[PDB]
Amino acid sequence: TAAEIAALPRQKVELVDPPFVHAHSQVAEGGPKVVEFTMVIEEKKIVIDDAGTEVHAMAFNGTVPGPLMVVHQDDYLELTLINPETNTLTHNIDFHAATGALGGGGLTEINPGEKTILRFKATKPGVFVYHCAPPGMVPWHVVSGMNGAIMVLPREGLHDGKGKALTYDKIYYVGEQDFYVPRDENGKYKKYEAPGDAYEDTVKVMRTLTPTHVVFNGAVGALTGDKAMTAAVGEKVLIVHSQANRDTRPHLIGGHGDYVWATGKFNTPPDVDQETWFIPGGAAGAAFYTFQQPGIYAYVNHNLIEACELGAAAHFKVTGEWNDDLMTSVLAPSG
């Protein structure tokens, strides 16, 4: 009822940049809450590869992907979305988790200099994409990086197909972005003064359905080297993966997805013992794995051209003790 909603507790949360995730509890603390987030939209030039290739990103909270928001089923998510006067374009937000008004898009169209506050009830548990979607320019905003995900945890937290609690020690959010960067006749990537300048050239590339780059966390190598994700043997990790526009097929090289909600929806029982899972464009999925071996793992989109040539590869650096039962080199490489 009116009073019931009015009387619910309100709680502000500080966001953190992907692949890290803000403070949350797996089991819901008490009854339904109105969980409050604020994101400022930033239009800005980003460098997406080691050749200095530039995109005019359109970035929720200044990042590609935008940050993971975490709430529980039947909480309310209340987003203040801010479009500073320094931006050039109108923006909005479509939460796939939400019901009504084009996911919120119809209620959140903000010009530069405007802000809005949207509340919705998170009625369905799962990981879900969100993305900007201005009428008439939807894909251009999405493929300029204006997308992220949220997670709506069951109130009792995660469970396997038998209702046994699944509790992660850490969580990472990998947002995968297909970029479409115009090139000149000499094959060199083009640069533009303002976002709108690139519109016509970019749509032409979009229509080929062939990304120039496919990247995690906004750039080639963003989650490799000193920025590899980490775990220890014995540690239970949840990996949330989203792709707002194009299919992907995540794979943990050297590992598995012990439980994978490939559709991203927690009331759909997870697949198990997965090698390579599939997330369609416009969706998020989640994989749960318990690390068994130390070492460097690669986490990839298993179209290995996309992974190795186009940028869709991350690493995990895992500490701990080798398990010779699971794997051993009986004879090391030799003549």
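Note that residue numbering follows the sequence shown and begins at 1.
- The stretch with the higher mean CA B factor, choosing between 322-330 and 10-18, is 322-330.
- Legend: mean Cα B-factor per stretch from the PDB entry, 156-164 versus 136-144; the higher mean is in 156-164.
- As recorded in the PDB entry, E193 shows the highest C-alpha B-factor of the residues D201, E193, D247, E78.
- Of the candidates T90, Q243, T99, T86, it is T86 whose Cα B-factor is highest according to the PDB record.
- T276: CA B factor in the middle third of modelled residues in this chain (values from the PDB entry).
- Sort the chain's modelled residues by C-alpha temperature factor and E114 lands in the middle third, per the entry.
- When the CA B factors of the chain's modelled residues are split into thirds, the value for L223 lands in the middle one.
- Among all modelled residues in this chain, the alpha-carbon of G103 has a temperature factor (C-alpha) in the lowest third.
- Annotation for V260: C-alpha temperature factor in the middle third relative to the rest of the modelled chain, per the entry.
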